[PDB]
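Chain IDs A, B, C and D follow the sequence of writing; residue 1 opens each chain.
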Amino acid sequence: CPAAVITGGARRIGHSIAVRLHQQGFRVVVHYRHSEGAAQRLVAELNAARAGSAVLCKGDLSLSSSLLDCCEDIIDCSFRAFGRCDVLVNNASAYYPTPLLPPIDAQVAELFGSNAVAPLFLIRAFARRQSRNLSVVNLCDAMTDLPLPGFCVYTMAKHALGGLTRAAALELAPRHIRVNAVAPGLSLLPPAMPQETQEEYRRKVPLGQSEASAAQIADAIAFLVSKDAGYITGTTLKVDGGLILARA
Amino acid sequence: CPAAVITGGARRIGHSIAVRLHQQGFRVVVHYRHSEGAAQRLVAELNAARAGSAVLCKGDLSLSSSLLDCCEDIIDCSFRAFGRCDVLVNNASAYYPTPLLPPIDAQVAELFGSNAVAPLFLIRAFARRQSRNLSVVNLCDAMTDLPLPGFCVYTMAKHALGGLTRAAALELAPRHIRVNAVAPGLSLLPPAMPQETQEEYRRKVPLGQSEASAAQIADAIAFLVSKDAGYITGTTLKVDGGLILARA
Amino acid sequence: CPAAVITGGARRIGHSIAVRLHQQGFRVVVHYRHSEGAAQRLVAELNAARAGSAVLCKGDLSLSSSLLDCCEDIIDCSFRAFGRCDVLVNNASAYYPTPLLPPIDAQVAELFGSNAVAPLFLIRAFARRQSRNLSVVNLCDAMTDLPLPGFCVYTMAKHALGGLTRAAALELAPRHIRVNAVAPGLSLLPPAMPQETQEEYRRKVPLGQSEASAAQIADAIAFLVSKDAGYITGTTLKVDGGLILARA
Amino acid sequence: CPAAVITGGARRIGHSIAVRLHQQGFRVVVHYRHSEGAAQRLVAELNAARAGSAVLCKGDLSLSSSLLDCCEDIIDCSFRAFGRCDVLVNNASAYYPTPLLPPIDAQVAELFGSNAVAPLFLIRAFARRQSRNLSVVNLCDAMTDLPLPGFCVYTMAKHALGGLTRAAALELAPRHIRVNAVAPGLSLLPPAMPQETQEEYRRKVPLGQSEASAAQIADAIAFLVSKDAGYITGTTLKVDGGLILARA
């Protein structure tokens, strides 16, 4: 049975992805940073259906002198628990404003680290430790071509992640490792956001006036790691219900 | 059971797609132009497997005074044979050089008709004649961004098809019809091409140094039509083994 | 002195380009279809500043059996008047809705003809009839990525023109003919449109809440035809005040 | 007289850009890190032509605890020597391999700092310290869509810069600051590269089989800072001689 690492897999989209891949035979590594309780409950729920089919792994993905080693360990964790690592899902991601006009480098460290630099180090480590079906799926953002005002640093990071998806896809093709991305448009809203506001956002979606559910995002991810996407590498699969096509 | 129309579905990619959707319970209308034999052998094979599950339809898709009605009849052929039409696959495509420097308007009529205008009329007829899962999949070309020298017209047509995919996607969103596309890189080579030449082409693909099989392309189309892509509309799915990433 | 052909140069943007190039020393061929009077007033004004520096030319660019020859004559017009043709500016364009749901092929003929096919035949003739600084500038649309609901055919046509800009750029490079494009976002509004509606459009522009003047667009074209863009080919220059960057 | 800041302006492209803006009346800050001799000679050359029209500023743009402060001083320099800053050219850039398969974070610090994070901190400072004509121009890379194997981190950083170009453009529009980019394809080759190798690279450029000269790149930047681009913001101007258009 193939093993999969899911960053930020304790809740929301990452959680849904960890469950989908597990439902498909995958022995899923549930990485987290602050959501220990949720990660613990997930690993228990999964291992309940299948003994030793899940383990958790804690690690801060923000930029720092320890990041590199942490990423090596996150990957090494999959090998200790399952003796292999077939899939890596870079889902973990910080998201908040960094307005240009009125601490910053701490925001830079967290935004750039989780969205771009960690995935890089993780992909790198994942590759050097490697037939079967090896692949990486990066979680992008279909709306970054339309930069949300005040989110410059996050936007930059996601663009860097996009560049990493293509650079790694080409460089790793010879190693039989596919590298793709799933770019949601509007998906799980912030739980604290007022319903009125959530509704205003849902109505903007051309297809169904609704955000993508975590399961619909996981549908796309399951496909890219499946055999049905065996010739697919370097592609970013948009799942936005046509949101990016609408004009202001 | 649902019904799907596959233009140019008598052989190669279009054949693999008709077979695939049929294997998933679809009733198929196999359109063709000159591949009368294959069209017949396929429609019979499918009917052998399932009585009254496949019909055929002959037609030219080049620009002309009779194109509009031809497309209406192709779609109408699905409603007559099965009383319904849920999926439309725009696979039919003319492909050949049109060098700017040493008949042109005839080439423009055939290249643009098959690759863009016909798909336009087809989607139009399809949408006007329409819960279920209605979707359209256009067959694009991942390499049209790197214009093959001498294929100016073909390239313009495919580009028009991409605009069609997104324009229709948004416009038909309220009608619950999803419009997406699959963009192969190097797939089935011309049967007349010498092996030496075919091998020079295959070797350029980063992932495995091989062209995409028809089944691998059929895989992406099947995914975009499946329920696993219910939130996807207006997206082009590249299936090129990283080909578009390599520099000359 | 170099000669330039400006399609649809009788009024608005095309008129401003014509004048701008003339002011830079170009001998111009003001082409029109129905605005003979505006064309004549322009050609008259230009020749008053420099004798024999401007001639007008009439022709319909819609698809028809006469299109190929008409485009040939438009280019042949530059050579008859000035004995040369150094610059081609594809600005003439048909623009109106073509909703998918409640004559079409005549709309296709006009929208595809003026926006895509005529430019292809004109570039073809221009290239075949050829150191200096030879270049072509296609007038695109920055918002065609966010398809305006109900303008499917127009959008497809402009995409085709984009595909042409690049295919021609690469294929004509060995002939030292550069092919580029300018893509306005919101420029000259319809003269009939109510000031209320015009103002609602203006306020959407992030940079100044104003549409682009004909001159500003002229500035971009002038730059692309100049020596200052001698290494530029196959590029599309966006001029939208950041309009394409805003979210709905 | 407006004042401009040019990072990495001591040699090659940055040197040519500084000279070009200076010729247009611009008071140009020449930033450098290691090329003290060169920077000193350029400023002397410039002042010699116009007393007090040039000054230099030293600063490492790699990621570090000092970067934020350093970038602030770079912008501050323009205000100290000219009491104003109208133009920022983010030209400084590290470029070298970081292969995925056989110190890394130190490479990430140098590659991401110079190409993406410093520009971010510089634009941030620049905007906070501000009619006239304010604009930023980022030096991008037209080929980063075709990731050069082995240059992953450099590629990711340039992608982040492209993201910055668009996010900043939209966010600073209300403040009247235009943010654009110039993307060279093949320009000045490494001085130590053998001619044979240099020739191989040159022959790949479709337009003239030659790399772009620093002056041709400088031309594009001079246009984007000029009044002739007053409506232009958020656009990346490719200057590649058609290179990005050729298939492998």
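General observations
Keep this in mind: a residue touches a chain if its C-beta (ideal position, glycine included) is under 8 Å from a C-beta of that chain, and two chains touch if they have at least 3 such contacts.
In UniProt terms the chains read A, B, C, D = Putative pteridine reductase 2.
The pair with more inter-chain C-beta contacts, choosing from A-D and A-C, is A-D.
Within the list B-D, A-B or A-D, B-C finds its counterpart interface, over half of the contact pairs alike by residue number, in A-D.
Each chain gets one centre point, the mean of its Cα atoms, and the points for chain A and chain C are 44 Å apart.
Chain A and chain D, compared by their mean Cα positions, are separated by 32 Å. Within chain A, residues 147, 166, 170, 244-246 each touch two or more of the remaining chains. Residues of chain A that touch chain B in their complex: 166, 169-170, 173-174, 176, 178, 206-208, 212-213, 216, 219-220, 222-223, 228-235, 237-242, 244-246. Residues 143, 146-148, 204, 244-248 of chain A are the ones touching chain C in the complex. The residues of chain D lying in touch with chain A in their complex are 63, 65, 67-68, 99-102, 104-105, 108, 112, 116-117, 120, 123-124, 127-128, 144-145, 147, 149-153, 155-164, 166-168, 170-172, 175.
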